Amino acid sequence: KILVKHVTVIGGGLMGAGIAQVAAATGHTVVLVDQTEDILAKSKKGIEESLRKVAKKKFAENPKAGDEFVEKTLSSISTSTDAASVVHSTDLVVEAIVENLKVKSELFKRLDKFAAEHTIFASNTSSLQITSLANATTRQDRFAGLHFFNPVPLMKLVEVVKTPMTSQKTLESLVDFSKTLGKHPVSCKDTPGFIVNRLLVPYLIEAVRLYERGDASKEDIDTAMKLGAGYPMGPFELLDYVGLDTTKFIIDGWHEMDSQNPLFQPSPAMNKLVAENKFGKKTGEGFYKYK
């Protein structure tokens, strides 16, 4: 196998900035690639802001050590606006840019030409096929899905999505890497939703459907799931936290890849808030209205 040391992260937004911070904090050389040197500027700023928040907790009884952690860490993170030139020496490329088949495809198709032979490609896509992406390269044996959860620094889970073409050497390399990140890996097939989302989202909708038929109220349904099922958040809050447009996007996508399926029908009450920019907490209002 291979030991991942140098990690190139493409896309420096929510997920990527996260994957960056974590890879660093656990002693990995990280190159953070995005489109504008200014995007990268803001990107890194946030990572610093997030690292300090973590430092006041992890080194609360010694701020000096705290301040060191942030410096040392944050230094292991370098940036670039052109992945093309920093990938001939990287061990792993973790992609987490716009959820768009066309765009990712071009990126990988291009990167497949520059990255070194041993380099592993991994997409953090929640809804596309890890197989489509992999076939946009001649490196399929070294391509997989590394699906993280937001916020990355906090979520201990990671799904290692394999296609029929992914070699066992690649996996082990990715499972180790994952652990080094202080995360816990679960093996999954290239199927819609992987594990979590496939069992979580259909559930969130059913709760909306149950609300639409008038059988119970939003408030009660949440209270019920939280106190009766032991869930951290009721389905209605959860949807507001992860964002309706995010969820809507995913659900419609599956719905197409299988329209005659009941579990994927569009929740009209859910297409309201979306078509009205009530996406969730991102925008201060969804099923609930936030301060």
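Start at 1 and count along the sequence shown; that's the residue number.
**Q** In the PDB record, does 279-287 or 20-28 carry the higher mean Cα temperature factor?
**A** Of 20-28 and 279-287, the stretch with the higher C-alpha B-factor average is 279-287.
**Q** Taking only the CA atoms, which stretch has the higher mean B-factor in the record, 81-89 or 187-195?
**A** Mean B over CA atoms: larger for 81-89.
**Q** Quiz for you: based on the deposited Cα B-factor, which of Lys248, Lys58, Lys226, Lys64 is highest?
**A** If I rank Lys248, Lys58, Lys226, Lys64 by C-alpha B-factor, first place goes to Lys58.
**Q** Give the position of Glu237 by CA B-factor within its chain, expressed as the lowest, middle or highest third.
**A** Middle third by C-alpha B-factor.
**Q** Sorting the chain's CA B-factors, does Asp112 end up in the lowest, middle or highest third?
**A** For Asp112, whose C-alpha B-factor we compare with every modelled residue in the chain, the answer is the highest third.
**Q** Using the B-factor values recorded in the entry, state whether the Cα atom of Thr163 falls in the lowest, middle or highest third among the modelled residues of its chain.
**A** Within its chain, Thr163 is a lowest-third residue by C-alpha B-factor, going by the deposited values.
**Q** Please rank the C-alpha B-factors of the chain's modelled residues and tell me whether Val274 sits in the lowest, middle or highest third.
**A** Highest third of the chain for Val274's C-alpha B-factor.
**Q** Sort the modelled residues of this chain by their C-alpha B factor and say whether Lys72 lands in the lowest, middle or highest third.
**A** According to the entry, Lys72 has a C-alpha B-factor in the chain's middle third.
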